[PDB]
Amino acid sequence: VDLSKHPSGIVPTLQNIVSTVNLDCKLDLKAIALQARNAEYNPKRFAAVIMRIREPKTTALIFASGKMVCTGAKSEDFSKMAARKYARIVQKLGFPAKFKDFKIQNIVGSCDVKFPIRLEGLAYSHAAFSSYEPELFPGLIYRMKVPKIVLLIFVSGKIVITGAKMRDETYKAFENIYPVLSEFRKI
DNA sequence: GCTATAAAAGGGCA
DNA sequence: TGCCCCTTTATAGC
């Protein structure tokens, strides 16, 4: 375990990657929904072809403008491999799709500090960063400014870390919050 | 299943 | 302008 990059000794696990790419070419969404297989389309509910592949396990949102959203991957590279596979499926349907401006847009991670947390005390002493309303949602919402990352912190000690575009931002946010969480361990 | 969080995308609607 | 449509994923108490 690289304690130079993770002084806490804990490495958050990447759970979800959102990326975007531009095929540059215009698409016929209705025709794609007829020819492609694992593909749904209902334009009066949403203006995109929803397509899924098995490996990497992802879901694509494909728009008539040529833009594509890839969701569900476990790593930045699985997200790119998936986006290329969808773009290849689009190319085998008669469309001159390209792979322009691929970009990681969101990285979701999670981890466990292995001790309970007094969420109320954390919200009290960090009122400017925290939103905690247990009657609405059992997790405390921590809006970290540097880096700009949102953390969902639970009594169990599990944490959700979302909003990063580089994984180092996921790790840095967790390393910033870890000594704060230790200050609010529950008996 | 709701409740909450981030992000991208487009049509539809006050 | 602002928002939900819509997709993903962890987390957990209604």
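Proteins get letters first, then strands, A, B, ... in listed order; numbering begins at 1 in each.
When rounded to the nearest whole Å, the span between CG of A/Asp101 and P of B/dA9 equals 11 Å. Atom CD1 of A/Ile159 and atom P of C/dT11 are 11 Å apart (whole Å). A/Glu133 places its CD atom 22 Å from the P atom of B/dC2, with the value rounded to the nearest Å. The separation between A/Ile17 atom CD1 and C/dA10 atom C1' is 12 Å, rounded to whole Å.
Grouping the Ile, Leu, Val, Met, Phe, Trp and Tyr side chains by contacts below 4.5 angstrom, directly or via other members, places A/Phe95 with A/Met51.
The existence of a salt bridge linking A/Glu40 and A/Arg52 is confirmed by a sub-4.0 Å separation between a basic side-chain nitrogen and an acidic carboxylate oxygen. A salt bridge is defined here as a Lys NZ or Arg NE, NH1 or NH2 lying under 4.0 Å from an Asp or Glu carboxylate O, and A/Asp28 with A/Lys30 meets this definition.
Looking at the side chain of A/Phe154, the nearest of the listed nucleotides B/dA7, C/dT7, C/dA12 is C/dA12. In the set B/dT3, B/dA6, B/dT5, B/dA6 carries the atom at the smallest distance from any side-chain atom of A/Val108. With distances taken from any side-chain atom of A/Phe46 to the nucleotides B/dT5, B/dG10, C/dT11, the minimum falls on B/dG10. In this structure, the nucleotide among C/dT11, C/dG13, C/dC6 sitting nearest to the side chain of A/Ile50 is C/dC6. Nearest to the side chain of A/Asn106, among B/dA6, C/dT9, C/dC6, sits B/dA6. Comparing C/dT8, C/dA12, B/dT5 by their nearest atom to the side chain of A/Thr162 picks out B/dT5.
A stacking contact between A/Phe63 and B/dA9 is absent: the pair does not combine a ring-centre distance of less than 5.5 Å to the base's six-membered ring with planes differing by less than 30°.
Using a 4.0 Å heavy-atom criterion, one finds that A/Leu152 contacts the bases of the nucleic acid, with or without backbone contacts as well. Nucleic acid contact class of A/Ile149 (heavy atoms, under 4.0 Å, all strands): none. Across all strands, A/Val18 comes closer than 4.0 Å to base atoms (heavy-atom distances).
For the P atoms, the distance from B/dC2 to C/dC4 is 15 Å, rounded to whole Å. The P atoms of C/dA10 and B/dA9 are separated by 24 Å, rounded to the nearest whole Å. Going from the P atom of B/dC13 to that of C/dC6 covers 15 Å, rounded to whole Å.
In C/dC5, the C1'-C2'-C3'-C4' torsion is positive, which places the sugar in the north family.
Evaluation of atom-type donor-acceptor distances gives no pair under 3.5 Å for the side chain of A/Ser110 against the base of C/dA10.
Between A/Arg45 and B/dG11 there is no side-chain polar atom (N or O) within less than 4.0 angstrom of OP1 or OP2. For A/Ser156, a side-chain nitrogen or oxygen approaches OP1 or OP2 of C/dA12 to under 4.0 Å. For the pair A/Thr20 and B/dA9, the criterion of a side-chain N or O lying under 4.0 Å from OP1 or OP2 is not met. The side chain of A/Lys165 contributes no N or O atom lying less than 4.0 Å from OP1 or OP2 of B/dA6.
Remark: B/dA8 base-pairs with C/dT7; criterion is Watson-Crick or G-U wobble with both hydrogen-bond distances under 3.5 Å. The nucleotide C/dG13 finds its pairing partner in B/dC2, both defining distances of the Watson-Crick or G-U wobble pair being shorter than 3.5 Å. B/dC13 is paired with C/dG2 under the Watson-Crick or G-U wobble criterion, all donor-acceptor distances under 3.5 Å.
In this structure, A/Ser19 and A/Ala47 both approach DNA chain B, and ranking their closest nucleotides by distance from the 5' end singles out A/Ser19. Judged by closest nucleotide on DNA chain B, A/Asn16 is the one of A/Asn16 and A/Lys67 placed further toward the 5' end.
A distance of 6.0 Å or more separates the ring centres of A/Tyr142 and A/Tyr132.
Its glycosidic angle being within 90° of 0, B/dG10 falls on the syn side.
Counting heavy-atom neighbours within 6.0 Å of A/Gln91 CD, excluding the residue itself, gives a total above 12.
Residues A/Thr58 and A/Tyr86 have side chains in contact (heavy-atom distance under 4.5 Å, counting atoms from C-beta outward).
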Please lay out, stage by stage, how A/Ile159 and A/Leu152 fare under the test side-chain contact (heavy atoms from CB on, under 4.5 Å). CA-CA 6 Å; A/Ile159 322 284; A/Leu152 308 196; over 6 Å; no
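When the rule of centres under 5.5 Å and planes under 30° is applied to the neighbouring bases of C/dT11 and C/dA12, their six-membered rings do not qualify as stacked.
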